[PDB]
Enquirer: 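Please find one structure pasted underneath; my questions will follow.
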Amino acid sequence: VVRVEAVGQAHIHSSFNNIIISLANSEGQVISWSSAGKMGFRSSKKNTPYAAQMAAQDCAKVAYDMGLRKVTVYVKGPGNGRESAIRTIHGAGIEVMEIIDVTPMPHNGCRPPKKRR
RNA sequence: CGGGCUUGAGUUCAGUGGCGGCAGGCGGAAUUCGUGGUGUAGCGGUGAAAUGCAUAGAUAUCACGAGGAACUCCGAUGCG
């Protein structure tokens with residue numbers, strides 16, 4: 001039981017190891033999602049623009065045939081491929097409205113986990 | 001030993017300044033846990049992997065709730 005009428009929000013959660021693209025309606029209810037690991041890029045190449053393009057194309061094709069036409073992009077986390085995903089969901093029928101970087105930064109919060117040697 | 005002086009020293013008055021100390025209040029970002037909604041094939045991690053968590057419903061996303069800790073930019077100087 002979902003209902004996405006005309007416009008929605010795309011969420012990209014990237015990191016140094018993987019990228020997850022998830023499209024949702026105005027109430028943040030996900031209708032489709034994809035990732036490099038889902039596409040089958042289990043390697044160091046999970047953080048590749050090609051993998052991001054493949055995942056974004058799959059997600060956009062899966063979600064376009066549901067009434068989704070316009071989307072607003074939110075991006076969290078670093079990593080190559082966010083631009084590729086944005087371009088792919090822009091060119092796969094879905095029209096982008098704005099690009100918003102919601103990457104969370106701390107105002108000196110909790111302690112980071114040590115340092116690798 | 002006795003007397004004198006104002007430069008040392010101290011007291012007063014004024015100006016200016018500070019992450020200087022102790023104590024009480026208040027705040028936002030982030031993180032963790034629980035509850036509910038959407039959704040399903042993976043997430044996480046490495047030089048590469050596995051252990052680990054997941055169809056008895058994870059990662060992701062939205063809302064409600066709870067608690068602890070530290071204070072981005074200013075910001076390299078200043079105080080003791």
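All heavy atoms count here, side chains included; hydrogens, waters and symmetry mates do not. Chain identifiers are assigned alphabetically (A, B, ...) following the order of the sequence lines, protein sequences preceding nucleic acid strands; residue numbering begins at 1 within each chain.
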Enquirer: For nucleotides 72-77 of chain B, list the nitrogen or oxygen atoms of the protein found under 3.5 Å from its nitrogen or oxygen atoms, one pair per line.
Expert:
none

Enquirer: Once you apply the 3.5 Å cut-off to both distances, tell me the Watson-Crick or G-U wobble partner of B:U32, or none.
Expert: B:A66
Enquirer: Please write out the pairs of protein N or O atoms and N or O atoms of nucleotides 62-67 of chain B separated by less than 3.5 Å, giving the distance to one decimal.
Expert:
from: B:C62; atom 1: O2'; to: A:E27; atom 2: OE1; distance (Å): 3.2

Enquirer: For B:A66 versus B:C53, give the span between their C1' atoms, rounded off to a whole number of Å.
Expert: 24 Å
Enquirer: Under 3.5 Å, is there any donor-acceptor pair linking the side chain of A:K46 to the base of B:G44?
Expert: no
Enquirer: With a 3.5 Å distance limit and no angle check, can you tell me whether A:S35 reaches the backbone of A:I19 through a side-chain donor-acceptor pair?
Expert: no
Enquirer: Is B:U55 stacked on its strand neighbour B:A54 by the under 5.5 Å, under 30° ring test?
Expert: no
Enquirer: Using Watson-Crick (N1 to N3, and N6-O4 or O6-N4) or G-U wobble (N1-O2, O6-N3) distances under 3.5 Å, do B:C43 and B:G52 pair?
Expert: yes
Enquirer: Is there a Watson-Crick or G-U wobble partner for B:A76 with both distances under 3.5 Å, and if so, which one is it?
Expert: none
Enquirer: Side chain of A:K38 only, heavy atoms from C-beta on: which candidate in B:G42, B:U38, B:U31 is closest?
Expert: B:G42
Enquirer: Using the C1' atom as the reference point in each nucleotide, state the distance between B:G42 and B:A58 in Å, no decimals.
Expert: 8 Å
Enquirer: Among the nucleotides B:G44, B:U46, B:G42, which one has an atom lying closest to any side-chain atom of A:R116?
Expert: B:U46
Enquirer: Across all strands shown, which nucleotide pairs with B:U38 by Watson-Crick or G-U wobble geometry, both distances under 3.5 Å?
Expert: B:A60
